[PDB]
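Only heavy atoms go into these numbers, but all of them, side chains included; no hydrogens, no water, no symmetry mates. Just so it is clear: chains get the letters A, B, ... in the order the sequence lines come, proteins before strands, and each one is counted from 1. One-based numbering, in listed order, for ligands and for the atoms of each.
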Amino acid sequence: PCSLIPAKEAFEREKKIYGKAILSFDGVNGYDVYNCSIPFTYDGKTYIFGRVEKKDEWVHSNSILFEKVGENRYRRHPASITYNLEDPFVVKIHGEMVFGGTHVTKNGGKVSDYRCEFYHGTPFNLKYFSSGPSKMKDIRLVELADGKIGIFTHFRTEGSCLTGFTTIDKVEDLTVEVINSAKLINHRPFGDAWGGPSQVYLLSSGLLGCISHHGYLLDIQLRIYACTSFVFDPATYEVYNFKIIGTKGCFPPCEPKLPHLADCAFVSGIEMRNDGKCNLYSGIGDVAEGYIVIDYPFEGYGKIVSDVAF
Amino acid sequence: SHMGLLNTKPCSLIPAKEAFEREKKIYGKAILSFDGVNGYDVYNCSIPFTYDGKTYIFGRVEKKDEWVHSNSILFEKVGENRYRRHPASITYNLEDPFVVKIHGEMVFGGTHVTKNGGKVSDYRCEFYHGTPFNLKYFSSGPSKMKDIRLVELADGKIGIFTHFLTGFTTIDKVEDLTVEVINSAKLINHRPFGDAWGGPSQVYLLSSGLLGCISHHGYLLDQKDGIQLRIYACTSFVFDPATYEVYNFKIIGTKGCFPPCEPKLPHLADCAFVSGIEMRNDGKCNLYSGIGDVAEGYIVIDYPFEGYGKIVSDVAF
Ligand code: NA
Ligand code: NA
């Protein structure tokens, strides 16, 4: 029985949620928008990347830049190009944006391959520079306290579900060879959950705070995808403080894309508030993006010192 | 060889290209203007097409001083030879966009490039279908195969041109376009093309049931006390899908026919990468081409399939 199951059942019973909202998106012909990047700032405005897909289409996503135009309200920014990608994500590395998402290959309508594509530059001038290995979805970058680039990898091509970590010096050093050879982290804390980070934060302690998506099957089975967090030490490859920090049921209700996704959240990341709490953004049901207001999940391991102020 | 040690095996196509430069009949020319892409170069366009009362074209968009940083963008016609990015359309992370009509809808394609640490590692054609503002991704061709082009045949089947040597095969519906179908295509009659490299860019159904192909063919031209040119000329041929026979292979355009423009790099000073033809009311055609990997123009030429039937395919969506 999954080790995550007690932690989830417990969390569902004793969470502290201080607020919640579903986001509104304009300028995409009423398409669903989900599995967003975290919000980021550029030249005095707030932006977010969204995965854009018709509610009744599967594997027909594009990643679109949205400008915040009001309280929980976003509109497609027409100046930006779009990206033929699923599950867009951003991070700041060496003073610039690194943007990625999943590029899907089909063979006569059937998915045959997929891999992460990485862009860098400024938010309206992103340049494609590298792809990750075939069938690896869950790659995330962060700038380490000493200026190196940390890379989380997910090995799931062989029936297994293991997380790796490696470093490079400059973002154009990101290769399939570096990714495939990443040293395995201590995954024992995750138990038989599968997933990995959505957003990685540099903490004042020099540890990495990871806001992660983990899935498991609950006994016929149920698919559960939960918002999780853990703290990682790049010096030892140790994992600390693994926990559930949100579930789909914490967000306002919305009908999932199909009933098998009724307990599916795909986390985006956290944004610190003035009050010391944070907004936890998540994709929900593969149909929507929302946030819940939660306690800071890395309390005791340091404050976030990475930023997405471009 | 006529080039002595400069090239021991000059391309078979050189005399045809030189003869065209002496004997061509060009009735007009223009460079297209593009708005809405921050002054980026726009080149290697689709043919123009119509939709919902307006004229459109797909452009390959790239900064003049950047290599392998293209996107394909839908442009709406503003005025004579003037286009602007249509803000409602999504963009495609592709080079060398192309369109055709199949079974009443658009099939759009382009080249998706894969990199490894900044270096090109792979590329393949990606295919979309639907209406022009509602295109859905459905298939990729094989690794490193650039020149795949579709056409609806007289009998309602879908014709597929491949590049290994040019191949041709058929399928019943666009969803059956697979790597396995493309790789198993039979070779067409290559004898007319000699040792020129290239293949079709735009394929048209003719009233005779034959296919009119607007193509790109080229070769390397080594120069005495000069640099090597990558020559690309606009060519055409007529193809019989019943016999795989090729007729009327010829040169129909060269970069020198279009208004002047400084190429992206000096090796592209004689590079025209054809887009396709559009019939005029006067029975001539506009031949659209990318030029120098920096611009898009057209020249006014005689109908290149004259004698083999009228175009009966369309791009009126
Ligand atoms: Na199929
Ligand atoms: Na590199």
(request) Determine, using ring centers only, whether B/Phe317 and B/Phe49 are less than 6.0 Å apart. (result) yes
(message) Tell me whether the Na ion (ligand 2) has A/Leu174 as a neighbour, meaning an N, O or S atom of it below 3.0 Å.
(response) no
(request) Write the atom name of the N, O or S atom in A/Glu172 that is nearest the Na ion (ligand 2). (result) O
(request) Flag the pair A/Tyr47 / A/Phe124 as yes when their ring centroid distance falls below 6.0 Å, and as no otherwise. (result) yes
(message) Just checking B/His112 against A/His103, ring centres under 6.0 Å apart?
(response) yes
(request) Could you tell me whether the side chain of B/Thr169 and the main chain of B/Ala185 form a donor-acceptor pair under 3.5 Å? (result) no
(request) Confirm or rule out an N/O/S atom of A/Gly108, from backbone or side chain, lying less than 3.0 Å from the Na ion (ligand 1). (result) yes
